[PDB]
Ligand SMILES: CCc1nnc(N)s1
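Next up is one chain by itself, shown in C-alpha cells, the form solved without the ligand.
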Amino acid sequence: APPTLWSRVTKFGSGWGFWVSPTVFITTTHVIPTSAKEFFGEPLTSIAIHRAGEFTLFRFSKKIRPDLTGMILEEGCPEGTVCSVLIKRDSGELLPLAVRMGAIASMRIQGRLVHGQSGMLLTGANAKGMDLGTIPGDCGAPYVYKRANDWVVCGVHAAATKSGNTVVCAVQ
C-alpha cells in the first residue's frame, strides 16, 4: 500500500486513527481516552466531533497535518470488494491484511453489541492470533481499497469474532 496511506495511520488511545485530510481524523469510538480534553494541542471547544456508534470523526479548525492531501471517505464499500486493513505491529512491521467485504450487519462479539460492515479475512484459515489475524490493539486501523487510479478509505476496524475469521468495519 502507498507510503502516503501508512503516514496517515496514527497511534491513538488504546489503538489507532487515520488522517483523511489536514483537518479530518477518524477513529473507532471505544479507543478514545474518555477523560481527554485536548487533541494535537487543540481544546475540545475548537473541534467538531461527529459520532455514529463505533465511528467517530474529528474536524479541527486549523491544519494539523499540512503534509497531507485530502482523500475520499465513503460509507463502506460494495459487497465483494477486497480491502486492506492497514495494521502496524511490533517493530515498524506493516501488515496490510486482505479482507473480502460483505453486508452491513448487527452481531454480538464477546458479549458487546456491534454494528458495521462485515468481512472475512483472506490471510489464511483459522486466523485467530497475531500472525494471520487481528488483535484488540488493532482497533481504529483503516479499511482502504484501490478504485481505478485512486485509493478510498471506507471505515475503521471495530471488532473481530472469537474465531478471528469475521471482522467488522465501523462506517460513517
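Numbers for residues come from their place in the sequence shown, where the first is 1. Rigid core: the largest C-alpha set superposing within 1.5 Å between the two forms.
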{"property": "Stretch with the higher entry mean CA B-factor, where the candidates are 36 to 44 and 23 to 31", "result": "36 to 44"}
{"property": "Which of 123 to 131 and 138 to 146 has higher mean CA B factor, as the PDB entry lists it", "result": "123 to 131"}
{"property": "Chain-wide C-alpha B factor ranking for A1, given as lowest, middle or highest third", "result": "highest"}
{"property": "Chain-relative CA temperature factor third for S91", "result": "highest"}
{"property": "Ranked against its chain, the third holding the CA B-factor of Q117", "result": "lowest"}
{"property": "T166 - which third its CA temperature factor falls in, relative to the rest of the chain", "result": "lowest"}
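A second form of this protein, the form deposited with the ligand bound, is not displayed here; the remarks below concern that form.
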{"property": "Residues within 4.5 Å of the ligand in the deposited complex, restricted to 81 to 117 and counted by heavy atom", "result": "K88, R89, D90, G92, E93, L94"}
{"property": "Which of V31, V144, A127, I26 is displaced between the shown form and the other one by 2 angstroms or more at its C-alpha, rigid core aligned", "result": "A127"}
{"property": "Change in CA distance between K128 and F55 in the deposited complex, which is 3 Å or more, as closer or farther", "result": "farther"}
{"property": "Pair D138/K128, Cα separation in the deposited complex versus the displayed form, closer or farther by 3 angstroms or more", "result": "farther"}
